[PDB]
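S.K.: Quick one, fold the following:
(7 chains, ligands or ions: 10)
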Amino acid sequence: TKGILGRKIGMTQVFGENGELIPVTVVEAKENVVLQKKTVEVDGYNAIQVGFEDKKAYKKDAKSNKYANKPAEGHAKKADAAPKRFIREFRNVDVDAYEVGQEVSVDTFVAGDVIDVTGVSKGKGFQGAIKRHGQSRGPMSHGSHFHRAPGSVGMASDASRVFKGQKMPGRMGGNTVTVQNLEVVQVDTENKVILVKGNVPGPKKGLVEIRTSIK
Amino acid sequence: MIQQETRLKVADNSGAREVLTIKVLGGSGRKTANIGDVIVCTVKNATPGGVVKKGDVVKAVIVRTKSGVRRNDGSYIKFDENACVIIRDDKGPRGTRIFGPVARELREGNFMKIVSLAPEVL
Amino acid sequence: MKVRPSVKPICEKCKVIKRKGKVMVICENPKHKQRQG
Amino acid sequence: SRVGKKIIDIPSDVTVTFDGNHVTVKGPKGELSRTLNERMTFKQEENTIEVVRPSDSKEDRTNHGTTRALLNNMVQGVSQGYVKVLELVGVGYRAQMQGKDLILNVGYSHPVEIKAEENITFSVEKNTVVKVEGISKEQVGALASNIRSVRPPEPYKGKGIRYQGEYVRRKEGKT
RNA sequence: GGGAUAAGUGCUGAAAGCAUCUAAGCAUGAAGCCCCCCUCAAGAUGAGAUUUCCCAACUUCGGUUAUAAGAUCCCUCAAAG
RNA sequence: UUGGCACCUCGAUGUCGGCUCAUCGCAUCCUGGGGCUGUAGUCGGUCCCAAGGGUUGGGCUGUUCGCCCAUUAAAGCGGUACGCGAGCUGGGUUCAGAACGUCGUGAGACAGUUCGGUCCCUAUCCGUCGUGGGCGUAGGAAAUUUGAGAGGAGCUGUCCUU
RNA sequence: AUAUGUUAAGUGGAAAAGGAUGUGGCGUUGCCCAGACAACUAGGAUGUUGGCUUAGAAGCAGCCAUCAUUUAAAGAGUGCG
Ligand SMILES: [Mg+2]
Ligand SMILES: [Mg+2]
Ligand SMILES: [Mg+2]
Ligand SMILES: [Mg+2]
Ligand SMILES: [Mg+2]
Ligand SMILES: [Mg+2]
Ligand SMILES: [Mg+2]
Ligand SMILES: [Mg+2]
Ligand SMILES: [Mg+2]
Ligand SMILES: [Mg+2]
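M.R.: Numbering: from 1, shown residues only, chains lettered A, B, ... in the order given. Ligands and ions are numbered 1, 2, ... in the order given. For reference, the structure is listed below:
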């Protein structure tokens, strides 16, 4: 139950009972609609899909993504809706609720719900082994020429190859990751925000997936 | 942050003036300590007389780190030196004349005797 | 349970049986439990 | 197989009904059903059952004498009913019924609930003697072995869930 | 938290009138095993599925001419490199 | 392991430790489950099942080792060219200097010490870590997905009640 | 593929001292409808533990001395003790 889409606004803090400071990630979970209901009788699995942030309609000479194209008009026309930038399926929800076209508002969560927040990472670029992985660097003095290299990559001639999973350098990367068992502390209905306790992955104005905890 | 081989002032009349840490007891691999953490330590500068003497290996609790502790209300506390009280392996001290301010965060570590023998606790 | 290649009766009240492909001995005192291995 | 030559298995008002491959036994406390065997054949001549093995082989000699015991123990707990009595020993061990399910207090930090199943009634006499009653000897032996996996007997004092006539091997271990 | 199990623990039970944890059955049993959890995944050449959009003529239709939906070049950029 | 043998390599298979990065066995060091006990309890002992995960920081020695101080639930044992130098150091040692002891008439020698003593390589292929292009997937597109599979995770103390 | 067997461990598709039966084949043998082999339960004795009697010990520290029969039948107790 209880999935929603938003985007990271930033990070603040809130005081609670007996003055306890608790860190807070403001998520603007605005203008989410139920956009297609999926059934096991048609697809094999039960889910809805929620479109998050509406963008401008079809324009003939459109050269960028903020004007929808003709497949995204007709897809968001089968629901009485505007075309959305982000579209995600939620299959933990109950499919027998959520009529197609429902504005799934921000007051589906109450202060104190446990949730999972899914987002991409920041993305750091090409990084080395002691930054991409938590590797111990070599000594910076005493004659050494090994500082920030990876170490040995194998054994000599039994295993005359490098095994995969070696943890070599490359792209640190914005990949999807969930932080689990976060709390909702404050739902502002008029501002359409959620204050989730802690930090969620991604940069600012990113995209989150707040759904309830499977644990 | 108090690790192995940090010199700490000794904050009572247990017989020691300076002490250096051997290990931070607790778990395995435990690197640092703050207020309320018991450390095992050898005294380096000792008062002539008293109880402990130079080269004894004593257990002792951290009071008032220089990199102090954070509280639940988002409050902080920091001190100008690292100090230390030699204890007597039941969370009770050796001396009766504990010097200097003690952080509040060792009331909940059952060091109530160290609090009562101290000046104003903050 | 004494695992040993040489499972034998230790006293006369101990009996020798096969359970699930292995030779065991059963006896009233449990110090004479043996299975062969 | 001298338990297979004595394959009389004398019935009662209990009416044994074959079904070809398997046999249902019904009576005053009835409806047991068991898929027996394929090689062992069956004949009810006048009033009793009979279990006949062909070919005299070792597999036909083992499986025949069991099949007499599988007829005979079906027709005798539907005739009479199987009872296995189990006993508490200890200072403050009190078993009592929660209605249909039984609750033990055997020195743990928590009571132990042995949930009942079909054809099994749990009855407690005087908080230290528990009777398991039923119509099939394997199902009342299985649940009369889960009551004493709660707390088996113990050598130094004897404390734990015993059987009725169990000889608990005891030791004398003193400080 | 589920299943299936190890060592083990059994129930029923012959073979071998008995006994018997096993042979036929029936249970129970571990940080292990399989799920459960997290990622990545139809180049999964078996290339899956759903929803929406687009629909040509010339013309030995050989191919060309154009184009649809859609993209891209190019240009302004960074939450990306 | 110390050896035995002399089969591969002397138109070079280049270095003991340490560092970085590991990986694999289980004859299990801790944690899991059992049997027995000359197991009251608390502790143990011994044996069986099990590799999932974990398995410290210093002092002395170039040391492997070993001793020791502290801890820890435990500080496992092995294999991988006594894993890993076209990844690093070069303390150890087979270089030229010099000195002692000892031996030799001597030049010198020891495998005895002691001080000092240059560590080359722009990665072609395989393999690995990332990342694009092409084509295929019997119309072409845009978007959401199924998961066949593969990978990651997996440790544990203390205290309070009972 | 025929014909006759054997094995149930994937032996086949790597070992030993030993450890056990698991089934084949081939014997020898002593037991038995005067009813054995289990198992059924029923007498289990007695003078008497007799002696050295042994911490008292009266199937038992250890020397056995182990004769008669309450008796259809069992022992100066087979034996658990
Ligand atoms: Mg380091
Ligand atoms: Mg190399
Ligand atoms: Mg032996
Ligand atoms: Mg030769
Ligand atoms: Mg093993
Ligand atoms: Mg090389
Ligand atoms: Mg020289
Ligand atoms: Mg001379
Ligand atoms: Mg120099
Ligand atoms: Mg084999």
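
S.K.: Just the strands from chain D, written as ranges.
M.R.: Here chain D has its strands, by DSSP state E, at D:15-18, D:23-26, D:32-34, D:41-42, D:51-52, D:82-87, D:96-97, D:102-104, D:112-114, D:120-124, D:129-134, D:162-163.

S.K.: Neighbouring strands - and their directions - for the first one?
M.R.: I take that to be strand D:15-18. Strands that pair with strand D:15-18, judged by DSSP bridges, come out as strand D:23-26 (antiparallel).

S.K.: of the strands of chain D, which approaches RNA strand F most closely?
M.R.: Closest to RNA strand F of those is strand D:112-114 (Cβ to the nearest atom of the strand; 13.5 Å). The way it works is simple: take the backbone N, C-alpha and C, and place the C-beta from them, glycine included.

S.K.: quick one, what contacts the nearest residue in space to residue D:111 that is not next to it in sequence?
M.R.: With sequence-adjacent residues excluded and distances taken as Cβ to Cβ, 6 or more residues apart in numbering or on different chains, residue D:111 is closest to residue D:103, at 5.0 Å. Listed by Cβ atoms under 8 Å, 6 or more residues apart in numbering or on different chains, the contact set of residue D:103 reads D:95-97, D:111-114.

S.K.: if we can go back for a sec, next, format the strands of chain D as a markdown table and append distance to residue A:156.
M.R.: Shown next, in a markdown table, are those (distance: least, Cβ to Cβ, whole Å):
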| stretch | distance to residue A:156 |
| --- | --- |
| strand D:15-18 | 74 |
| strand D:23-26 | 71 |
| strand D:32-34 | 65 |
| strand D:41-42 | 71 |
| strand D:51-52 | 71 |
| strand D:82-87 | 66 |
| strand D:96-97 | 71 |
| strand D:102-104 | 63 |
| strand D:112-114 | 59 |
| strand D:120-124 | 67 |
| strand D:129-134 | 67 |
| strand D:162-163 | 65 |
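
S.K.: now the contacts of residue D:103: which count as buried?
M.R.: Neighbour-count burial (16 or more other Cβ atoms under 10 Å in any protein chain shown) is assigned, among the contacts of residue D:103, to D:95, D:112, D:114.

S.K.: from these, which single one is nearest chain B?
M.R.: Closest approach to chain B among the buried ones among the contacts of residue D:103 (Cβ to the nearest Cβ): residue D:112, at 36.0 Å.

S.K.: quick one: that closest one and residue D:150 touch, right?
M.R.: Yes. Taking Cβ atoms under 8 Å as the definition, residue D:112 is a contact partner of residue D:150 at 5.0 Å.

S.K.: Find residues that contact each of these two.
M.R.: D:104, D:106.

S.K.: I'd like the distance between the closest residue to residue B:70 other than its chain neighbours and RNA strand F.
M.R.: Once flanking residues are discounted, residue B:70 sits nearest to residue B:76: 5.6 Å by Cβ to Cβ, 6+ apart. Per Cβ to the nearest atom of the strand, to the nearest Å, residue B:76 is found 25 Å from RNA strand F.

S.K.: List the residues that contact the most centrally placed residue in chain C.
M.R.: Chain C has residue C:25 as the residue nearest its centroid, 2.2 Å off, counting by Cα atoms, centre = their mean. With contact taken as Cβ under 8 Å, 6+ apart, residue C:25 is in contact with C:7-10, C:14-17, C:32-34.

S.K.: Residue A:186 versus that one, what's the distance?
M.R.: 72 Å (Cβ to Cβ, to the nearest Å).

S.K.: got the residue ranges for the strands in the chain?
M.R.: Answering for chain A, as no chain was given. Using DSSP E, the strands of chain A run over residues A:3-6, A:8-15, A:21-28, A:33-38, A:47-51, A:87-90, A:114-119, A:126-127, A:170-171, A:177-188, A:193-197, A:208-212.

S.K.: that's the wrong chain, I meant chain B
M.R.: According to DSSP E, the strands that chain B contains are B:7-9, B:16-24, B:38-46, B:57-63, B:83-86.

S.K.: Among those strands, which comes closest to residue A:85?
M.R.: strand B:16-24 (51.5 Å; Cβ to Cβ).

S.K.: Enumerate the positions of the closest one that are buried.
M.R.: B:16, B:19-21, B:24.

S.K.: How many residues are close by residue A:180?
M.R.: Number of residues near residue A:180 (other Cβ atoms under 10 Å in any protein chain shown) recorded here: 12.

S.K.: Pull the contacting residues for it.
M.R.: Contact partners of residue A:180, counting by Cβ under 8 Å, 6+ apart, are A:116, A:213, A:215.

S.K.: RNA strand F: which of these is nearest?
M.R.: Closest to RNA strand F, out of all of the contacts of residue A:180 and judged by Cβ to the nearest atom of the strand, is residue A:215, at 12.3 Å.

S.K.: Check the chain and tell me which residue is nearest its centre.
M.R.: By default, I'm working from chain A. residue A:119 (1.6 Å).

S.K.: To clarify, I was referring to chain D.
M.R.: Centre-most residue of chain D, counting by Cα atoms, centre = their mean: residue D:137, 2.6 Å.
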